[PDB]
Every structure is written in C-alpha cells, then in structure tokens.
Protein chains: 2
Amino acid sequence: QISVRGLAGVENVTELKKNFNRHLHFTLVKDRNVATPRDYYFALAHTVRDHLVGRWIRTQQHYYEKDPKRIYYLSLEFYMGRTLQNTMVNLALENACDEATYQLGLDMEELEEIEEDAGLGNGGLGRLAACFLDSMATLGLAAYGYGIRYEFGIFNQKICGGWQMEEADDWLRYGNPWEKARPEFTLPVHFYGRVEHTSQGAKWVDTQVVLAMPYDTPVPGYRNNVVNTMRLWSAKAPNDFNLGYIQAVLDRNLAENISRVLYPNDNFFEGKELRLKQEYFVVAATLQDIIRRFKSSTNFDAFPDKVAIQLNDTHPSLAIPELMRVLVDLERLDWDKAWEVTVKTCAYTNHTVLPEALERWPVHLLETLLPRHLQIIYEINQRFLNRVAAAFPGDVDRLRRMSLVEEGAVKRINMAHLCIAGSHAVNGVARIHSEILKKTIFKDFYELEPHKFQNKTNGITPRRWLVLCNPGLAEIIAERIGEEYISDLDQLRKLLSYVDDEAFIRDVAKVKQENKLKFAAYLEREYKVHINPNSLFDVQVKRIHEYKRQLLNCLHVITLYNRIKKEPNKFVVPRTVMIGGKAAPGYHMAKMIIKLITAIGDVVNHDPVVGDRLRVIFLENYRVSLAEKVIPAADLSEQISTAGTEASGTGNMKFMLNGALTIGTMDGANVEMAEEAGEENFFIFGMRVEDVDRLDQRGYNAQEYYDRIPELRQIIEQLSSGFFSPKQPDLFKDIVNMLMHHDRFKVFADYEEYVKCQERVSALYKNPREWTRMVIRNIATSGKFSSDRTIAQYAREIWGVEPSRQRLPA
Amino acid sequence: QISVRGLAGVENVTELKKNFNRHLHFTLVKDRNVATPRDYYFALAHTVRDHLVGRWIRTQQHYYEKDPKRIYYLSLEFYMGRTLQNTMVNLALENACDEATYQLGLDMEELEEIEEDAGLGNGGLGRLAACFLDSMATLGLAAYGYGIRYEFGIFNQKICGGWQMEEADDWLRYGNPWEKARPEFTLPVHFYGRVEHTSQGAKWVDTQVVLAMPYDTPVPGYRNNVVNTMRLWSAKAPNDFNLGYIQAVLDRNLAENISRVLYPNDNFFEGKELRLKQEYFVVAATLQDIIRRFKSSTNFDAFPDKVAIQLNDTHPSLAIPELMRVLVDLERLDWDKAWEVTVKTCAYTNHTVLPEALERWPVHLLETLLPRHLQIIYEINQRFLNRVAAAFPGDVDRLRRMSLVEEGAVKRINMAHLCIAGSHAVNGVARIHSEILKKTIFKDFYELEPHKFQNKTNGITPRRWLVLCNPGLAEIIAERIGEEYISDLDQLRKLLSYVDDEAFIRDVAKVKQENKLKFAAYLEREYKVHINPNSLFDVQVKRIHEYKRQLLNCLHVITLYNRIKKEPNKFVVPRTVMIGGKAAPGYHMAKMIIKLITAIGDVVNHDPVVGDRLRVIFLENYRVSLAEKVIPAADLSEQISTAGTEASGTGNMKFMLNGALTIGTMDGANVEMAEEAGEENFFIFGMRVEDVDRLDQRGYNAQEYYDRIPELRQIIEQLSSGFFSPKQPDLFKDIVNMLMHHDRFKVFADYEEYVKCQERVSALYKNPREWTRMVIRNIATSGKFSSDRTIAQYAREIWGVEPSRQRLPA
Ligand SMILES: O=C(NC1CC1)C(=O)N[C@@H]1O[C@H](CO)[C@@H](O)[C@H](O)[C@H]1O
Ligand SMILES: O=C(NC1CC1)C(=O)N[C@@H]1O[C@H](CO)[C@@H](O)[C@H](O)[C@H]1O
Ligand SMILES: *Cc1c(COP(=O)(O)O)cnc(C)c1O
Ligand SMILES: *Cc1c(COP(=O)(O)O)cnc(C)c1O
C-alpha cells in the first residue's frame, strides 16, 4: 500500500503464504475450518519469527568471531509492548505480510490487535530500556538487555464506578512465540547463609539456592540484519529443594515467586524483601553470564575493554558489590585491582530526584539476605570516605553526607551513593536534570569527582513511535525527503523548507484528521463512548502522580466548564480532554485523582448546555499499545509537571514527533524541545525551577491564591460542597485538604498562567493553517530526540565503542 | 536394520533429514556447532511429531463426520513413559529415522535416552491406562483419555546410604514437544460455596472458581493412521482472583496447586483435601467437555448411545453425582430420567480389595468443598436403599452394610458403593479378583444386581512391551510367523510348532543372552556395578509393598547366602537377584524393606567366599523406561504376592512375553497365565486363597514356623542380632517384630514351599535346552494377555461398540 512499508514481491508473498499455512497446520495443529483469529495471529507470528532466526544466529556468531566490546544493559523493567508489527517494520516485511494475509482472506490489522503487550515495565524508565534496545541493534552495537521474565507484568486497569480496579496481567496465558527458553544455560543464585573467614579469603556458605533460567527474545535492528538479544531470567527451584513430601513440592513456589510479578510503583521506593531478591536475582545471574562469555572469548585487566555494564537506575546497583565479590572471593584478585576493574566497567543512570523514589535499603535486610555483600559495601564505604577525608580535611559533615551508610532510626544503605562511588560515569537524562544532580542531591560527589558526571538526554525510537504508529505521517514525509530519516532523524529538519508549502500543509493536517477519526472510532468500538472528531484533542497520558499534576489539568477543565455555564451562548473552541494512566495500587491520592477525573466527566459529559463543546474522557488501561493509538491522534500534549520534578519525560517527545503542539512547564526535556523548535512554537507557562525555589524559601501558602483568584475559589468550593459527588458530598475532602494545606507540587501557583496559556492554545486552533504550520516546525526539529542520537552518545562518551550503520549479510 | 522396524526408503530418509535440520535451525534456533545431544533429540522429536499432526487432524475430523459413540476413560493417572520410540514404531518410521540420523552422524539410541519419562502414575493402575490408550487407538475406537497434567509426576528415587531419598520429578523442565496447549478450551471449575433452594431447583452459589486449561497429547494406533487424544487438565487461577496487590497475585498459587503434584501412593488411601480437589477438578472439567462435544453433534435420552464413561477405580467417582448435578440442576431433567442416563453412561473398574486402599471420604470434607454433591449423594443413597429394602424386606443389617454412608467416629462416604450404584457395569481385573469381588466385599451388591458384575482380565500392549523394548525377539518371531501378531497376539500360538526346532531354540536363547549383556553393560555405565551375565537373572520389580512380599524374596536370598557359607565348595547355579521399586514417602515399613535389601547386598556382594555366585542389587528409580530395559533381560520373574491380594498384576505379563519363566503364587492373573501355558511350564508354589482363609479362621501364628524351621530361625536371629547392620544392631527390629507378631501377609507360611520351588528353578536352569523350551511354551501362549484382547472385551461387553482394524487414509 504505502512506500515505507516495503516491497510486496511476487516470490516473497507466495513464500509467506505457504509458511503461514505450514505453521497453522504443523505448529498450531488446526485447519481453516476451526481456526480462530487468535490461531491466525500465531500462524503469522511464527511465520515472521522464522525470518528472524537466520539473522539472529549469524549476528551472535558474528560477535563471537569479531569479539567486540559487549554492552550489558541491566534493568528490572523492559516495557516492550507488542512485537509483531515492530518485527515486520525492521525486517521490511510489512507490505508483503499485508498482501499475503490479504490473499488468504485475512485482515492483518485485526490480527495485530490480538497480541498481548509485553508489559514488563511501569512507564518511562521501562519504555526507555525498550527504545534503547531498538537503537542499539540499529546502530550495530553488540548489546544485551538483561532483566527478569515476570509472569505478571503491570496490572490491567479496569474502571469500576469511576474507581481503578487492578487485575493480573496474565500475558503468557496463550504463550509467547517470540521467546526461546534456554534451560541449558540455567545458573544458580544464592541467598541467606553466612560468611566464613578462612585462611585465604572469605567464603559465603550455608546458602539457599534458586536457579535462574534464561529466556531469549530477539531484538532486530532497523533493516541492517542485526538481531541482538534480550535475556530475561525466570526463577526455578532446585529439584532437591526442601527435599511431608507433598508440602515440600508445593513450597517450591516460595523460591519461584521471585520472578512472579513486577512491582507496580512509578517513582516510589518500597523496601520489601521480595523486591530485594528480584534485584539480586537479576544481578547475580547476569554477572555469571557476563563472566562466562568473557572467559569464552584469567586476564581481568582487559575486562573493562571487553565489557560495559550500564545500570538503569539503582535497581541493579548490587552489580557493584557482586562484581567485587566474584573477583575477590572467587577469582582471588586483590581488592585494589578488583575495584579498578569494577569502576571502569560500571556506569550509572539516574532517573529522578524525588526523595521518596531513592532506594535506601535497611541494613538488617542486607545483613540477613546478602551478608557477604553487606561486608563488601562497608569496606567500599570505608575506602571511599578515606578519599573524601583526604580531599576535604576536617569537613566532618561532608563525610556523613556522602557516606553510603545512613544513620538514624534504622541504618540504611543509600544505593545511589553506592552507584556513584563504583561507576566511572554517572548521568542524568535531560540537561536540566543533570544540572540539578550536580547542584543539589549529588553536589558533594560532583565536587569530589567532577569528571564522572555527564548528561545523556533521553530519546524515543522513530521506528515504533512514527513509522509503526503513524504510517500516514511517515509516508507524506518520505514523499518529500525520502526514507533515510527513519535511521537518521535529524534529516527531518529538511521539512522546514516546506512550512510554506500549501500541499504539505494540507497533507499534514489531513493525516492528523484521519488519525483522530480512526481513534474516535476506536473509542466507540472497544469502549462505547461518543466524541467529536472536529474538537481539539487535549491529552495527558502518563502514570498518575502528584508531581505530574493531572490535578492542574482537572482545574482547567472545570474552569472551562464553569465559563460555559456562565455564558452558554458564547463561542468556545470545542475540546475533548483525554486523561489516562495507571495509579500504583497503594497510592491513595493517585487513586482519588482518577476518581475525580471520572466524576468531572460524569457531570460535564451529561450537561445539555455544554453539548459537544467539552468532553472529559478517562482513557482506561493506558499502556504501550494504547499509546501507539492515542498519540498520533493528539492535537495538544500536556507536559505540566512542576518545574524540577520530571527528570526528562519521553511521552513529550512522542507527541512532538507525531504532530501535536505542546503546552508545558520548563521541566525535563521540555526545555530542550522548546530550544530545538523555538519558544514561539511551544506553549510554555509557569514557574521555572528558580521560581519554585524562591517560593519554598518564602513558604508556599495556597490560601493566598484561593483568596485572590475568584475562579479558583469557585472550583474549590464546588469540590468541597459535593458538586461533583452528590451522593458523597465530602468524597474529595482529601484532595481539597492537600491542595489547600500540604501541596508539595504547588498546583495553585501555576493555575493562572496555565489557564491563560490554554486560551492562547484555543486562539491558535481557530486558525487551522497557522496551527499546522507551527506543527510542521515542531516535527521538523524533533530529530535530536531520537534514541539513536542518545545511544550514539552513550556509546562514544561512556561505553567507548563506535556505532555502525553497516548492514550484515542476510 | 531389522524387518519389524519398517522400510528406510530413499525419499523418506532424505525428507526426514531436511526436516530435522529445519527444526534444529528454526525451532531450536541452533547450529551444528553449538547443538548438544539434547538439542538433537528435540529436533528429532519435532520431526516425528510433524508426521502425527496430519493423521491427528483427520482422525478427529473423521469422528466429527461419522459421529460414532465416544469412549471417555477417566483416570487420575496415565503412566506413559517415553513417547519418541513408541511414535516411530506405530508410524513405521523407526528404520527411516535410524538411517536418517545415522547419515547425520548421530546415534538415535543415544538421543532416545535423553527423553524424560511422562511419569504421571504410580504403577500398575497408571500403566494400565497407558496400555489401554494404545490399544483403543489400535482398535479404531473414538476414545479419549482424560486426566490431570501434573507439573510433578512420581518422584525420582535416589538411594543414599541404602535409604530411599525422594526428589521432585521436574519432567517439564526442558519442555514437552508432544503436548499442545489448548487455552481456547479453558473451562471453569467450582469449589466451596453453598446450596440455595429456589422456586425451581437448587442453585450452587458463592463458589470459588478455578480454571481448567487442557493440554492435548496425540495417541497413535499401530500402523492404522488413527491418532486419538489424551487431554490433561492444568489448573489456572482466574485473573480477578483475590482481586495487598502483590500478595493477591502471589496467592494465585493456592488455586494452581491443584495440578501441581501426583500423590505417590500405590494401593493406599490418604484422605487429604488437595486430593479431593484433584478428583473433582478432573471430573468437572471433563464432563463439561463431554457434554459440549455431545451437543455439538437437548435429547439426553440418546446420551448413553453417544457416550461411555469408564471410571478407572473410584478416583473419578464424583463423575456420577456431577453428571446428576448437571442434568438436574442445569439441564432441568427430572431425577429419574437423569439417573437412568447416568447409570447407562457410567461403568466402574475396581483394582484392589485391600481395605486401606478403598476411598472413604469424610462427610465434613464433602460438606465444605462440594455441598451440592453431598446432597445428591444422600438422595442417591436414599433411593438405592429403598430398592434394597424392597428386595430384602426386614434385612436391616444388609441396609447398613450397603449404605453409601458409613456411620461411626466420623461419617464417611464409601466411593466404591457410590460407583456400583451408579454404574451399569462393574468389573474386576482378573478372573480370581472378579470372583472375590462377588464372594466377599461386594457380595451384597452382587445379590441385588448380578447382571452388573463382570470380569475383564488385564493385558499389556505388545507394541511397547515387545517390539519396542525387545526388537531382537520380535524379529526372530516375525522371521517364522510374520508381523501380523503385533496387532493379533494370539498368533504367537503358532510358535508352539517350533518348540522342537533347534534353530529357534538357539535364537531365543541368543536373544536373551544379548539382552542380558546389554543390561549388564548398562548397570556399569549409569550405575557402576559389576555383574555376571552368565548367572540367572532373578528379578522382582514393582512398587514396594508388604502384600507384594519383597520380604519373602529377601528371606530366600539370605537362605542362599547361608547355604553357601555352610558348604562353600559345593556347586550352586549362579544368580543375580535384582529388586527394584519405589516406596510411598510416608510408608515406613516399605522404606525399611528397601534398606534391608541394600543391607543384604552390602554383606553378600562383598563376601569373598560367595564370589560371583550370588549378587543382590537394588534397581534404583524403577520406572517405565527402566522396565523396558530390565524385563527383556530377565530369566526369572518374581510374582509372589500372598494369594488373594494382587488383583491382577501386569508386570507378570510383561515378563512372560519377554522370555522369562515365572515363579509365583496362584494370585491375580498368575492363575490365568499358568492356565494358558500349562502349570508344568510355570513355577507355582504356596497357599491358594482357600488356604489363606483356613489359616485366618484358625489364627496365623508365625512363631510356629520359626520353631519348626531351623533355616528360618537362623535368618531371624541374624536380623535381630545385627548381622546385617553391625553399627546399628537393632536397625531391623521393626521388620522382625512385624514378621513375628503382626504379619498380615503370612510371609513365613509360604517360606518352605517357596525355597523348595526355587530349587526346582535352579535345577531347570542347569539344562539350557529345556529351560529355553519351557520359555518358548510361555511366549507362545501369552497372546491372551494383549491389551487389545482386553479392550475388545470392554468395547463389546460394556461400551457397546465394535472394534475395527481398518486403516484410515494417511
Ligand atoms: O520509575 C522511575 N524512576 C525511579 C523508580 C526508579 C522512572 O520511570 N523514572 C522516569 O524515567 C524516564 C526515562 O529516563 C524519565 O523520562 C522520567 O522523567 C522519569 O520519571
Ligand atoms: O493404586 C492402585 N489401586 C488403588 C489405589 C486405587 C493400583 O494401581 N492397583 C493395581 O492395578 C493394576 C491394574 O489393574 C493391577 O494389575 C494391580 O494388581 C493393582 O494393584
Ligand atoms: C512513553 C510512555 C511513558 C512515559 O510517559 P511520560 O509522559 O514521559 O511519563 C509511560 N507509559 C507509556 C505506556 C509510554 O509509552
Ligand atoms: C508394569 C509396571 C508396573 C506394574 O507392575 P506389577 O508387578 O504388576 O505391580 C509398575 N511399574 C512399572 C514402571 C511398570 O512398567
């Protein structure tokens, strides 16, 4: 059908069709008379999978031959989403499969909707890992993603009575055609036990063993025939485990629970033992694999030349003391040598500055679960503080501030401090975030070792986030500048010479309208809810959290509603406000915000006077697959976190690449986005980081805004009186109380400017031509936000490897 | 190589080789440089599996078209063993695969040893189900085996310090290439809840739901292109199950534990709740499947004409009240009509008369777990006893004896009584066993409904138990009478005309010697233990139980040892005594017997004076795959259970078919075997059932034998003094005490005759020619014991269907 989807050759379409029928018969054991759509999806998946194996085997053989430096990306989350379409895109098989299935009397788009998302992540952090794997494969790096194969990923969200209900994400129910179990590479992981100090070295004994079984998933690069590996570990009990008889066998579950479920927290630390086990489990199994592969290439001096370990936040921080343990206790290297190797091998990426999100494990937990690691951590702390003491003689407070060990009620280990001390590089994920790290939370560390601190602004893959989810836009763009931009996004700048092109302006606007129509139809199909495709699509999709301020969005929505009720026959640009995102199960305030959103919709959506001028919809079960649908359909992207709280944000980049304008604060990557497109082409509002600090120094008093802003006062009074909860008048008492007395994110402080800015948005939307021209200026300057750029920087500035766009023989 | 293994055609060997390489590449994702023997086994398994699918799909399509009466064999055990070789044999692919793998530089026998046994059974009962599935497919019956897919089958037995150690049988670790998950046919099963009596009918509400996910395994008939299905259910928790968040997800294990492990008891009832759940789980899911299939063919009058349900013992007895529940509560049929249909549909097979093995569930368990079923059972009991009262007016004791409800300490439900009342046919598994059922335990029922009682002597499949495990013997036999006997075992009688044939006598003896050499080599390979291939192989393999009397065998062994020590330079026929079998984990006496066996070996095997004249080896981890190795190598088969305790036995038949002579009591099928071959060609000894009864009436006093038999006295004194346990003098105090004071199986009573009989065995072994001629007379008359004969009788006399030897188009 369209160019960017590849060729539908005669031979290939014929070949695909026969292999499809082969798998349906031999693999699924079915016939066209009893096969269901799910059967067809699997037949198609196995057919596409076959095309991956050849490349997968030779890519790995290639790395064995050339023995390049290996990159190991350790993460407890990989938010992959669906794999079928992405694989077809990267292998240039989309049109061929489209034609082949068409000839078989099947609609491929229908089959793609059957695949379950691999939701092994919570949000931004997990999605970043997924985009990174795609980019590393596309740039020809010998990279491996290592994590845990959770039996249950992020929970599926159901909305009942306006409340969030959680249900298990049994994503493996029907099987996973993409993974390949590798039981032959099963490795043992140790827990508990005690440390024994003998003549030569310490020994960790009397441990409980849990086996780590790996499952490999192929990661195809974009049309370069490279196929890397994502290896996820699954917990298995040894067969002699606990070996009445029946009970012993049933208790195997205790050990296998390690890989059972993903902790559903976004930017929040929960110090649970099971989570610590998951963290050590992935680290212990991964490091043995890394060392095994390294020896199969004694000379650990070259270890840093052949290995790079990237820690995605502090979750896998135990890799530092585990590497020391192996080198010192097992390989018998002297401490100093082992430390040198460890530091040169490890690099750490920080993803947040919120205090409640930092990992600080109670010493008593480490003491019982990983006694040898605790000892190693104390030794690391001791030698590190000696270095600090020598650099800043007499500065006793600095010593207590920089210690890896925190004193107080319960002693804790600051994992972020552990990571900085044991890594040769520490980076933030957006320029403003990296600067904040050096000026505030890690200031002491920056003064001691300035060279370690870097910035690596996040990015998103243009394959999944443009070509895959928005073929219409990818097509009109290719028509003008070719297809080279898909793997070199900076080329989009060439579109700047079309900002005055009447044909292009028309096509861009047409693509957006078609996406909105397609999405508006979807909302009625799977969720039965009518919306006006001619209205401005105002959307805020991301995890629910106070710092992201979905509440500020809510205040604007109610303001719009009250203004209409006040002057009904006055014209206002029609809007469809869409808010979606999951709340962590134990995050009460977040769950109350979801309820507030649906409650607002319950009133606004049924008010005769409002008509189709304003609609408030809460997008249920926001996940990667839904993001691929709603982002291409958006007109306005809400990125309104309080300045200084959103480390980077990545959803913001997805919206910019897909033709939506942005209303946001100068926070995270929003700053660089506005800088790239020009502030005149961005809707910036609110306090800057400096303004927030001034307010804190003076003392934030929400009452002041309530007293001086009549419209704000009205909203709070409506909330308090039960206007949005007739049957339960005080239902939102907690929300009002927080807003009025202990709002850490200063919602009221940005209210006036936000509402004012929103008026400017509506004004521009009334002029289709100028709205679209500004959109082109955004799309054209979004090149910097490709994860290919991000990965190229990690490769050159941290890992010490050169990216390559060279194709491998297929 | 040999005839019976099929043709190794040019085209097929070429085709096999290419598909082997295809699977190794695409399916296993490997190359010849990194592939291990396990990888090769799987590539071969998938290649053979492909040949099954075509036939599997058309067989099932065939049944849908012709809509024949369906046979449902319900069992909680299916002791399948390995599947690769069996599939090749039944598809006539053995020589072709042998050649194809040979050309690829691989030894197929080596690859076959890699497959894990599907050990979803304990012993005879489970193996019978497996042989039956093979025969039903070979006789063209539209049959389905229904059971549970245990994650862990019978435990693997390790011997440590002469003691049995159990370890989990993680048979699914590397995957199961034979099964096909069918998540689309998942069905709900209910537990707990309460009964609500409304206007029209009762309702079972407030139940906890567990999902039953089926896994289908193909069952190929012998060269007739028929491929039936064995459907095993796996327990899955619903996604809204228990829906802190993490705990709720982790507790899903509670529900999924239902299909976690096989209860390891052989002829012993353990009233545990989890076992009851397993029993209802298989019954509930299976019946919905049966009814679904029946409706997809309202008129339940024809239900018995299209459905036959065979209950393998009482384990699935809940099928009776569950069928009533569905017909009455859900389909709204009147009780009388529903009962008529139920009785005509169900048939019950009893497998033992030992009191401790009968299922008698506490009413309080059924009351809580299956409240509606308890009510239905009481109603059944009420109507049944009214029938008894009308047939035997005034016989109040008969009423209490025949009740399904047993009174006493705790009220219990006798499941055997439930089965007889609700089945149109009840059968024993050997003539003597079926007679005992009518004369003793079920005498009252027989007098009420004589027509229900039948006999169906057990059998074994000649495919697995001759062709597969003993190709050498199958070959020399085919050379004389052709291959027709493999599916018509009665033809072996033609071998009687070769009993005087010098060439045949030589070949038979040669095959046995080769098997013994092959086994003697295996013992050194995997277990490092030297044995003399020229000695008589005396073997007793079967589960360890007091009624099977491995202890009587032990007494003879020690007698042989003491006789040698007494007259060292006297000649005695060399023997290798082999005993193997697992003991239930909680069966203390059984575990002590295993220890005694190894203790005897510890003394006998290292006594210089004995030399290679006597060896006692305990065969570790006896299972189907080991049976296929040791049975063809045996000279003497020990079937010495106390008369009246072994319902049938099937191991006895395997030995007879493979060239071993039998020493045994007139118990179970031994009686019919001796009758078929002629008592002169069998080594019968001991009390008959009548003799045992006389002894009980008089009172069994072991002391009497101890006082009158000097050799027996010596053995008991050696045991009591610690002769076989120097470091632990009283180690066997429990054994001696039981033998002397409370031996329910009268070991001493048969000692003299047993030892005398054993002398006659040794005398015949000294004359190779006459020993072999008697062997031929046994092999030649073993035809009656083919499970094809057994199944043909079930088909005609119970299920009402005609067996067919007609091939289906491949
Ligand atoms: O869960 C997260 N962080 C702490 C729990 C470790 C997490 O997802 N942080 C997220 O990481 C993304 C990619 O770097 C950024 O775009 C987001 O701003 C940040 O919140
Ligand atoms: O476990 C068993 N029986 C009771 C526990 C139900 C069982 O395996 N019984 C066995 O069934 C075999 C086949 O019919 C017979 O050959 C054996 O004699 C009988 O013990
Ligand atoms: C991109 C993405 C995110 C991150 O969104 P932000 O607005 O940066 O927090 C979260 N969830 C999903 C499903 C995403 O695709
Ligand atoms: C045949 C068989 C049995 C039954 O043996 P009996 O001696 O009849 O009890 C038990 N276990 C295995 C593995 C078998 O093959």
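Counting convention: from 1, in listed order, for ligands and their atoms alike. No hydrogens, no waters, no symmetry mates; every other heavy atom, side chains included, goes into these values. Quick note on labels: first sequence line is chain A, next is B, and so on, each numbered from 1.
For ligand 2, the atoms lying closer than 4.0 Å to a non-hydrogen atom of B:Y547 are 20 (O). When each atom of ligand 3 is checked for a heavy atom of A:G124 under 4.0 Å away, the hits are 3 (C), 4 (C), 10 (C). Near A:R623, meaning under 4.0 Å from one of its heavy atoms, ligand 3 places the atoms 13 (C). Residue-ligand proximity, B:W465 to ligand 4, at heavy-atom distances under 4.0 Å covers atoms 15 (O). For ligand 3, the atoms lying closer than 4.0 Å to a non-hydrogen atom of A:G123 are 10 (C), 11 (N). Under a 4.0 Å criterion applied to the non-hydrogen atoms of B:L128, ligand 2 contributes the atoms 13 (C), 14 (O). Heavy-atom proximity to B:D313, at under 4.0 Å, picks out these atoms of ligand 2: 6 (C). Below 4.0 Å from some heavy atom of A:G649 lie the following atoms of ligand 3, by number and element: 8 (O).
Considering backbone and side-chain N/O atoms, B:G651 comes within less than 3.5 Å of an N/O atom of ligand 4. Considering both main-chain and side-chain atoms, B:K654 comes within under 3.5 Å of ligand 4 through a nitrogen or oxygen pair. At under 3.5 Å, a nitrogen or oxygen of B:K548, whether backbone or side chain, sits near a nitrogen or oxygen of ligand 4. The N/O atoms of B:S648, backbone and side chain alike, include one that comes under 3.5 Å of an N/O atom in ligand 2. For a threshold of 3.5 Å applied to N or O pairs, the pair formed by B:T650 and ligand 4 contains at least one separation below that value.
A donor-acceptor pair shorter than 3.5 Å can be found between the side chains of B:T457 and B:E672. If you check the side chains of B:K542 and B:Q550, you find no donor sitting under 3.5 Å from an acceptor.
Geometrically, B:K582 engages B:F155 in a cation-pi contact defined by less than 6.0 Å to the ring centre and at most 45° from the axis.
Residue-level proximity to ligand 2 for B:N265 is absent, since no heavy atom of it falls below 4.0 angstrom. At a heavy-atom distance under 4.0 Å, no atom of A:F655 approaches ligand 3.
Nearest to atom 7 (O) of ligand 4 by heavy atom, out of B:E638, B:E646, B:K542, B:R464, is B:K542. Comparing heavy-atom distances from atom 12 (C) of ligand 2 across B:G123, B:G124, B:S641 singles out B:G124 as nearest. When B:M653, B:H351, B:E646 are ranked by how near their heavy atoms come to atom 10 (C) of ligand 2, first place goes to B:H351.
Annotation: A:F785 is not in aromatic contact with A:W465 [ring centroid separation under 6.0 Å not met]. In this structure, the ring of A:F268 has its center no less than 6.0 angstrom from the ring center of A:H545.
In terms of protein heavy-atom proximity, atom 8 (O) of ligand 2 is nearest to B:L125 CB, 2.8 Å. When hydrogens are left out, the protein atom nearest atom 13 (C) of ligand 2 is B:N458 OD1, 3.1 Å; that is the closest non-hydrogen contact. Closest to atom 15 (C) of ligand 2, if we only count protein heavy atoms, is B:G649 N, 3.7 Å. The shortest contact between atom 11 (N) of ligand 3 and any protein heavy atom is with A:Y622 CE2, 3.6 Å. Atom 3 (N) of ligand 2 has its closest protein heavy atom at B:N267 OD1, 3.7 Å.
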B:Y348 vs B:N427, test: side-chain hydrogen bond (donor to acceptor under 3.5 Å, both in side chains). Steps then yes/no. CA-CA 7 Å; B:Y348 157 65; B:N427 75 281; over 6 Å; no
One pair to check against salt bridge (charged side-chain N to carboxylate O under 4.0 Å, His left out): B:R744 and B:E356. What are the steps and the verdict? CA-CA 12 Å; B:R744 297 166 58 203; B:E356 62 260 44; 2.8 Å; yes
Residues A:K548, A:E646; criterion salt bridge (charged side-chain N to carboxylate O under 4.0 Å, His left out); working and verdict: CA-CA 7 Å; A:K548 289 170 183 293; A:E646 191 69 271; 2.8 Å; yes
So A:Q639 and A:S637, side-chain hydrogen bond (donor to acceptor under 3.5 Å, both in side chains) or not? Walk me through it. CA-CA 6 Å; A:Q639 307 300 330; A:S637 170; 2.8 Å; yes
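Checked by atom type and distance alone, the side chain of B:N621 never pairs as donor or acceptor with a backbone atom of B:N156 at under 3.5 Å. Distance alone, capped at 3.5 Å, places no donor-acceptor pair between the B:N470 side chain and the B:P632 backbone.
Using a non-hydrogen distance threshold of 4.0 Å, B:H315 registers as a contact of ligand 2. Contact analysis leaves B:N122 out of contact with ligand 2, as no non-hydrogen atom separation drops below 4.0 angstrom.
The aromatic rings of A:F745 and A:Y547 sit tilted relative to each other, their planes meeting at an angle between 30° and 60°.
The closest side-chain heavy-atom distance from A:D134 to A:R463 is below 4.5 Å.
Tested against B:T352 for a side-chain contact (heavy atoms from CB on, under 4.5 Å), the candidates B:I441, B:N267, B:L125 yield a single pass: B:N267.
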